[PDB]
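Below, chains carry the letters A, B, ... as their sequence lines are ordered, and counting in each starts from 1. Worth knowing before you read on, the calculation uses all heavy atoms, side chains too, and leaves out hydrogens, waters and symmetry mates. Whatever order the structure lists ligands and atoms in, that order sets their numbers, starting from 1.
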Amino acid sequence: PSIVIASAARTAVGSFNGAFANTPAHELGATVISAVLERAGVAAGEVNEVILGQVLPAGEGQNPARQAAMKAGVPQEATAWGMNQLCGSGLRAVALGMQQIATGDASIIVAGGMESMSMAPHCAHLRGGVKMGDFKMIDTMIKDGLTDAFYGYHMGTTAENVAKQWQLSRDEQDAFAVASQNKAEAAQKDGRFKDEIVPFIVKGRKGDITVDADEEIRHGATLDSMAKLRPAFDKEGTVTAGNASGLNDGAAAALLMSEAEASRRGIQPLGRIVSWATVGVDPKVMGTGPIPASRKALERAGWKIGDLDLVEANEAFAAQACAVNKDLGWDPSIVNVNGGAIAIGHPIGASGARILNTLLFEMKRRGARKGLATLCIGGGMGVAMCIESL
Amino acid sequence: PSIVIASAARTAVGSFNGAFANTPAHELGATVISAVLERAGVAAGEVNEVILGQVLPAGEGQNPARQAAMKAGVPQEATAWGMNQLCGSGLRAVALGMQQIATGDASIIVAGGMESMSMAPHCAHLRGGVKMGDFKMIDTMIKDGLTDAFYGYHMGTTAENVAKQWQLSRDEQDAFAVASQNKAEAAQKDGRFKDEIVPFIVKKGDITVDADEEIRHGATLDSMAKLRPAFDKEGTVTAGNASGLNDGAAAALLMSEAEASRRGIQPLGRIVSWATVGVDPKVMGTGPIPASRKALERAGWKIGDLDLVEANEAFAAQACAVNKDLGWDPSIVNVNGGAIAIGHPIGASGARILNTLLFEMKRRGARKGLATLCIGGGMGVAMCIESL
Amino acid sequence: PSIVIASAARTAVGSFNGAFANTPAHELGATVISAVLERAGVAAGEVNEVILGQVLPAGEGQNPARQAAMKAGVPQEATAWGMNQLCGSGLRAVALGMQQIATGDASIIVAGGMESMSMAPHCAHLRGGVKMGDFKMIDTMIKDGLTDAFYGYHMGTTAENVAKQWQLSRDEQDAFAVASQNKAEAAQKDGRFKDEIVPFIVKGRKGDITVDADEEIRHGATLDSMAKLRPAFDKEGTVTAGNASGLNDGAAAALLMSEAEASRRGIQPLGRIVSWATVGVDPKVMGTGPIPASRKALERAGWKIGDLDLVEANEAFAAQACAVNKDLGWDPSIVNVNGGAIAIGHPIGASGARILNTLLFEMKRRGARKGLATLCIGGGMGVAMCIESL
Amino acid sequence: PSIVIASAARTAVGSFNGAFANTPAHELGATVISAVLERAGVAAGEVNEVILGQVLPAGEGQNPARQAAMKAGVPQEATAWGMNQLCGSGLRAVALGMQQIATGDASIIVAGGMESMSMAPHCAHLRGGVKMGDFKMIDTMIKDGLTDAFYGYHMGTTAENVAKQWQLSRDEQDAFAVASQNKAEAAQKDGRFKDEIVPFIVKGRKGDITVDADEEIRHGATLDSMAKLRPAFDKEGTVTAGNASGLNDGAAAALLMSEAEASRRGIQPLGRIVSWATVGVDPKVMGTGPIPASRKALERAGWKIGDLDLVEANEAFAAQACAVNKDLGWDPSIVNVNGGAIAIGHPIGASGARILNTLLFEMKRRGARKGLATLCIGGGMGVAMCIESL
Ligand SMILES: CC(C)(COP(=O)(O)OP(=O)(O)OC[C@H]1O[C@@H](n2cnc3c(N)ncnc32)[C@H](O)[C@@H]1OP(=O)(O)O)[C@@H](O)C(=O)NCCC(=O)NCCS
Ligand SMILES: CC(C)(COP(=O)(O)OP(=O)(O)OC[C@H]1O[C@@H](n2cnc3c(N)ncnc32)[C@H](O)[C@@H]1OP(=O)(O)O)[C@@H](O)C(=O)NCCC(=O)NCCS
Ligand SMILES: CC(C)(COP(=O)(O)OP(=O)(O)OC[C@H]1O[C@@H](n2cnc3c(N)ncnc32)[C@H](O)[C@@H]1OP(=O)(O)O)[C@@H](O)C(=O)NCCC(=O)NCCS
Ligand SMILES: CC(C)(COP(=O)(O)OP(=O)(O)OC[C@H]1O[C@@H](n2cnc3c(N)ncnc32)[C@H](O)[C@@H]1OP(=O)(O)O)[C@@H](O)C(=O)NCCC(=O)NCCS
């Protein structure tokens, strides 16, 4: 039983403490869940289950995926649950939502991701009591999403490990980030992000403001200031504040159904899910995650690396993104033709489905047959999925 | 060709701030992952992916399921991820792990759950800054796991809604709790929990915990009726007729039936069907009602075909309502007690009662089983197990 | 046996989270102590003891008055201690420092106050441990300085008690506040605050910023905003954000010595301490605090109410200041001739010595013989001190 | 003008997280204020001012000394204020309260101290906001009372400096602590603490518990276990957990009035205040504080070191207490005859008046003519007072 993606949508990737500074993740997800159903003509009462990945749900209440579904009109008879595979959470939900229909336990699935790093609180265990001495108020964003629990250093330090073994110079990493910014400004001005972005109305006390543009994109990004930034994680390192992904808020999802179910409704699906794969690697080089994951996904689909017509590779770091391209050897001209996470933004829970939206809508805009989306997961993991157009 | 559970294990359900007061959830899961692999002869290097549900991972670091796997010997080549469907997380992970092998994306899966409510921290958003006035330190246990986000009241209040429409008196609810307590002490003294419980070494000297500490030995009824109501001053649910706050973990080994025959393993049970259905968030306790009816429908079984049933006892009112609704024989429901006496680790109760379900079916020679739980927010999960 | 004030100084009263947002209280006191000694030619090695009042020292370390003395050059041979009588702390230290020389236990005393509400932290008791339930992180500024411990409501509510029985309308209180606002900036534009204010150097990473003007003073203070403000503490109250004192940071002190000691050093003192008094009242009507305190101070000095040439009355609230003026019957034209704490600012621990600086430097500028400074203290108390010219 | 102490009282010195774990400081002070007034026959309506020292008032509300007076029956007509001179606060209030009557501004003064380290909260500045990164919740007890703000280390580290320069071996400090322990248990069993200790009723929902015994005193303290304790502040140091004072809660005060007023009331006073002194030293060697302070106190009174019949010297640390004994040369058999703070306990805000209660009641118990109480103050200071019997 095949399984096609009938429609997809996503919110604009906001900056850290920016447009979505006080917007909970489920409010951004409910807007997406309401958007994918309109773009396919499917009603909310037909959704069997909503599957939204999220890495930082602290303070959001019971089951944030349930709140995003109930507010979006999904009836109480349906179910909802969350997931945490770090940066591959948004894309794995599409794979998990695909398995719900593959086994015959569901027919219509809204799968994607959501994240709100601006709403990430500070936590500390105080049940036993602090009899004497100062204690730490732990930032859940840095701890539960940006700090490797096995070695203790930041996700930028494991990128320094990728910056050493592959021998990627500072100037080469700066040229990859600035190129990603220019590819983002060109696609945004040409309206290539309008199809994927659904407007979100940020209700405020001083008036509602509709946000529909990726705020992280720097207009007129130069290179003389890219080399003037100090390294953030190592005094003698290469990763800085510009060549790495930032902290962002946003959401993204898609509508999942069988191919025979879409043909009955007369729906033209965005793409066909042919295969998927997830492989783990050394936690010191988590950025190499997409390397075995993409090779396993293509092997399951029966495709050669040269068979791909379009590729979306999440740009968590400049060193990590260059290393994956230099190993797989795929044509960089078809990789992130509209930019990547360095310019658009990196919502951990939503980046998996965010770049999948960019992957789907760009394939039909250009008429591409075969695609491949993949991301690197912290702790030494990687996820990948292949999409073929209808 | 199906999908069987080769082995299963769980830690002793500790009390809130008790034996596992300072033990992280992934430390309890690694012991379970090491136990399910030991009881089936499967090595850690053969696990493709571990799927462990957890509701309160705040402060535990990146992917607690990944930490529990690396310490248990699972190699870095395997993958790991967490999931949150509240109370049905432990049982849904088995269903999710079942789907990994059904589509052919994996061969060996360690699926279960874990929870550590004692390690649940207090949180507060402080990025924007508090210029003036005091602010609230939010308990992640109460907020993210025990408070309905749609109506605002506690999960004990949703039991009052079930206590009214079915008209279940406090004395009947008190008789259900005391009966569950007495049925728990019988199994603990008789060593019927020893097979499922794997000892955990809590590192002034190491203390090995291997017995469910929440079980009250000699629970009476004169004190059950003297307790004040906990969630409503004119309510019926108290501290004895409702589930408590507990820490623990539980998991199982998932593999194909044709894969078990190659290893010469005698599996605990075969996963025949599963289902998850949502209900009115005002009556979340009714969750197992449509979930159990759909699970039997997919497998093709009548309610009377079941030989053993494990129904999580989140509250006395919700557990009594499901029994009066499904009409199954109560003598085969929670034969060794329930969550009122053993304990209710939210993320692990789904796989906890599955361990009690699996080990009791083979101990007695039962053919067909059914485990189910009630999920907050108006949801319910259920799974059916057939013996080999 | 007399005791004269040889010199005095104070820093510019900064706004809440304004210029002194990150300046500790002892840094503001050290600048004053270095200023109190330099303007009189007295060296630091001659100071017997420094007495600085402070209400919110949480998080500043052991004895902030000791830190303010060591940084100002006072040698280790001297002693230091803090004091807390709420709002009358700055003026009480001068009375306490006067008693050190009166009994013969000291010769040179640097007495004053300091406050830094911007650095006031949030606190919560967590030694016993919070096993279950949410708990509150209490602001030390509101709790230990702005909340009456006997009845629980804010200091704005106890001003409402003066606003009800005394029957002071909002429009009359707004006319009293606007008059105080206009009188404060006039002294700033005419440079009437330059002599008493010592410049403070706010050390910054992007360059040092010298602060020498009271920023809390509203430039061009009109009445169009005074009548449009909603009540702050009670939906049916009269005190708002304009007619009440604000939250401020600052410090102030003075040099205390015997009259025969100033003549030996050839110092012309600012004023002679003639008497002082502190009397308690009903905590519900703390604004009446200065009423019995001033009557006892004049009685100890032997002066009638009509003998006063200049009066400084701290403006904690518009309602409390109006009630004191009509009961004592003194001429309002000599009361707060250069404005008050509503416009200049109200550092609780320092306002006692702040208005004393305005009292001291203005008496000879105008040729006043006798003065009287007073403040209202929360919890039903009042402080007063009388000053005679040399 | 003389000034006698008509009566005095104190609560039992509780252990850290012990009997007074959740008892606020003002509740402990109110019991003392009500006891000192009853033991002298003076009514509450005659109290002119209450002077209570406290070092950690964070979280207790506006003026904890005012709360302890209002609950103890002191009428609103009286005033109250706090002070912070660290460990010498309790004894300095008696000296400051003495100066109130010496200058003629008061007649009856209730002076003393109080402390409740168990109720000391954790604080953190959060007005500016924590955009990213973890932050510290600072323990006010360790920071504002147990950490020198000039060098950063604990008060045990400056005791290590006293343990080095004077060349005090570990065995000598251990022999001093065990001797103080034995002298404390003997006085408690012989009922020598019953007169000074007033019972405190800890009201609780599960029943009231009357506390009337110093809980910190270890019954049967040997030296074989004193040498088995690890050093607390330096891995190669001498100060441990047994030879140093602990963390404690409690209160203490006294009644101050003129000598001619006590004869009219038929009151037999405990002693006559002849002199007092406070001198500062190097904060690195605060333990030498009592050395010049006690020599200056005797110098003002006109007494030789050999004229003293009884001496109370606060035992904050074994090294500092031995150093004072080795310099002054007084007979150690008359110094802390009933033990010290090493065994009884060290409430910072109350230890100044705590040892004064032990000093006063012991002079009449044995018939001693002249006494002397002194303490070492953090930050390089020391306080001392001389007591003559009537
Ligand atoms: C790197 C990180 C710490 C950035 O926070 P930061 O250190 O404060 O740096 P900022 O992004 O806030 O910007 C800081 C400065 O860099 C400059 N800058 C940033 N990006 C730039 C760019 N792309 N081009 C030019 N200048 C840039 C800004 O103008 C700013 O200048 P300023 O200091 O005068 O204000 C944060 O984004 C991070 O942790 N990333 C980790 C990525 C990650 O973990 N991914 C996980 C996937 S596995
Ligand atoms: C609130 C809650 C945590 C109980 O905490 P609690 O109110 O402090 O009650 P406790 O369990 O700590 O025990 C309190 C008292 O009950 C008494 N008690 C407890 N269990 C008893 C029993 N089984 N029989 C008789 N008496 C009992 C104890 O002696 C104790 O007396 P004490 O207060 O004098 O010490 C519990 O009601 C709860 O919320 N459980 C979670 C339910 C839930 O949300 N489940 C979700 C699944 S959908
Ligand atoms: C009155 C008080 C409560 C105000 O706190 P606040 O309102 O939360 O702080 P704000 O700055 O936001 O209020 C100021 C607002 O009014 C406006 N405003 C206030 N006074 C004004 C004036 N005099 N003229 C013109 N505009 C004015 C400001 O522009 C600002 O704009 P906003 O309405 O959009 O917020 C504060 O001054 C206070 O704490 N008073 C009590 C002090 C005290 O108790 N002292 C001890 C007593 S002895
Ligand atoms: C040592 C200190 C830093 C903290 O240590 P601590 O956490 O209190 O030590 P603990 O209470 O946890 O227990 C210490 C051990 O020593 C033992 N011990 C302590 N004092 C003892 C004594 N006087 N005699 C015999 N045994 C003793 C205790 O029984 C305990 O045994 P344990 O190991 O089984 O716990 C603290 O006590 C201290 O010295 N604070 C300084 C106070 C201060 O400086 N005030 C200002 C004065 S200038």
Side-chain angles (χ1 to χ4, degrees), chain A residues 16 86-87 131-132 142 145-146 154-156 158-159 177-178 181 218 221-222 225-226 228-229 232-233 239-247 286-287 314 316-317 320 341-343 346 348 351 375-378, chain B residues 132-133, chain C residues 16 86-87 145-146 154-156 158-159 177 181 218 221 229 232 239-244 246-247 286-287 316-317 320 342-343 346 348 375-378, chain D residues 16 86-87 132 145-146 154-156 159 177-178 181 218 221-222 225-226 229 232-233 239-247 286-287 314 316-317 320 341-343 346 348 351 376-378:
Chain A
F16 189 65
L86 294 181
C87 297
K131 276 70 73 180
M132 192 185 334
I142 298 180
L146 301 183
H154 202 277
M155 303 299 300
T158 147
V178 173
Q181 293 276 330
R218 303 183 67 94
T222 79
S225 62
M226 183 61 176
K228 284 164 53 185
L229 297 181
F233 311 99
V239 201
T240 62
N243 47 29
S245 293
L247 318 175
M286 58 83 199
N314 182 85
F317 300 92
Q320 153 267 342
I342 295 181
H346 181 62
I348 296 174
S351 298
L375 305 89
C376 59
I377 300 169
Chain B
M132 193 187 334
Chain C
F16 187 64
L86 294 181
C87 295
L146 301 183
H154 202 276
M155 302 299 300
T158 188
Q181 293 276 329
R218 307 185 69 94
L229 295 181
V239 291
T240 62
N243 47 29
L247 317 175
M286 57 83 58
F317 300 93
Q320 66 88 26
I342 295 182
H346 182 62
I348 295 174
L375 305 89
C376 59
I377 298 89
Chain D
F16 189 64
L86 294 181
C87 297
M132 192 185 334
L146 300 183
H154 202 277
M155 303 300 301
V178 59
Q181 294 276 329
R218 304 184 67 95
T222 183
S225 60
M226 178 62 67
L229 297 181
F233 311 91
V239 195
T240 62
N243 48 29
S245 295
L247 317 175
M286 60 84 193
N314 182 26
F317 300 92
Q320 65 87 27
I342 296 181
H346 181 62
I348 295 174
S351 298
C376 59
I377 299 169

>> Please evaluate residues C/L86 and C/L375 with respect to the criterion side-chain contact (heavy atoms from CB on, under 4.5 Å), reporting the C-alpha separation (whole Å), side-chain torsions for both, the decisive distance (0.1 Å), and the verdict.
In response: CA-CA 10 Å; C/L86 294 181; C/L375 305 89; over 6 Å; no
> Any donor-acceptor pair under 3.5 Å linking the side chain of C/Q181 with the backbone of C/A177?
Replying inline: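 No.
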> Within the distance-only criterion (no hydrogens, no angle test), does the side chain of A/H154 pair as donor or acceptor with the backbone N or O of A/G156 below 3.5 angstrom?
Replying inline: yes
> Does D/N314 have any side-chain hydrogen bond (donor to acceptor under 3.5 Å, both in side chains) partners at least two apart in sequence or in another chain, and if so, which?
Replying inline: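 Here no residue qualifies.
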> Between the side chains of A/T222 and A/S225, does any donor sit under 3.5 Å from an acceptor?
Replying inline: yes
> Heavy-atom distance under 4.5 Å between the side chains of A/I377 and A/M286, does that happen here?
Replying inline: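 They are not in side-chain contact.
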Ligand 1 N/O to protein N/O, distances under 3.5 Å:
residue, atom, partner, partner atom, Å
ligand 1, 37 (O), A/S245, O, 3.3
ligand 1, 40 (N), A/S245, O, 2.9

